[PDB]
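What follows is one chain in structure tokens, specifically the form deposited in one PDB entry.
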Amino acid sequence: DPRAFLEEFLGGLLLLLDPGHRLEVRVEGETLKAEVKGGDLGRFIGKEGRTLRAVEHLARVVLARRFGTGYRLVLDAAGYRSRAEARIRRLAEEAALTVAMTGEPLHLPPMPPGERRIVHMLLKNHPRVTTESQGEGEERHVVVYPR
């Protein structure tokens, strides 16, 4: 069972990070919503969500090896996904204002590919700025260019 597998692997993996961490998994058909409670959630999220995404990525790889490609795992804690997405949209609109006035390119902080496409989608038809992904790996980020 894909649900009981996550409760065993992710559950034991969260115990290695924090004995206070609790896992709650919900099945929405294809999407598996995993919620982490208890302990130091700020340390589990990590700097810019790197720790949360590293835990999420490893759990996705092991899940995909034993249950095909169908399922999709979404890891969250303390409503971090909602805040991170709102923060991304705030950074894109403020960088568009900063670049449109200073006339200089602004290198946004490094963010995962999912958040980079949102910045590209938000500033897609902005009349004053253009976007472009630069860097490799953990350094890959969005750069806001003046048109």
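Numbering starts at 1 and follows the sequence shown. Residues that one form lacks are left out of the comparison. Superpose the two forms; the largest set of C-alphas matching within 1.5 Å is the rigid core.
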When the Cα temperature factors in the entry are averaged, is it 63 to 71 or 90 to 98 that ends up higher? 63 to 71
Per the PDB record, is the mean Cα temperature factor higher over 110 to 118 or over 25 to 33? 25 to 33
With respect to C-alpha B-factor, does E48 fall in the lowest, middle or highest third of the chain as deposited? middle
Of the three thirds of its chain by CA temperature factor, lowest, middle or highest, which one includes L10? lowest
Of the three thirds of Cα B-factor ranks in this chain, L123 occupies the middle
Relative to the other modelled residues in the chain, which third contains the C-alpha temperature factor of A78: lowest, middle or highest? middle
Divide the modelled residues of the chain into thirds by Cα B-factor and specify which third, lowest, middle or highest, holds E104. highest
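There is also a form deposited in another entry; it is not shown, and the following applies to it.
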Could you tell me whether the Cα atom of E136 shifts by at least 2 Å between this form and the one not shown after core superposition? yes
For a quick test of reading the superposition: does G68 move by 2 Å or more at the CA between this form and the one not shown, rigid core aligned? no
Say whether the C-alpha atoms of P109 and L17 sit closer together or farther apart in that other deposited form than in the form shown here, given that their separation changes by 3 Å or more. farther
Closer or farther in that other deposited form: C-alpha pair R117, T31 (3 angstroms or more): closer
Suppose the core is superposed; which segments, at least 3 residues long, show C-alpha displacements of 2 Å or more throughout between this form and the one not shown? 28 to 30, 91 to 147
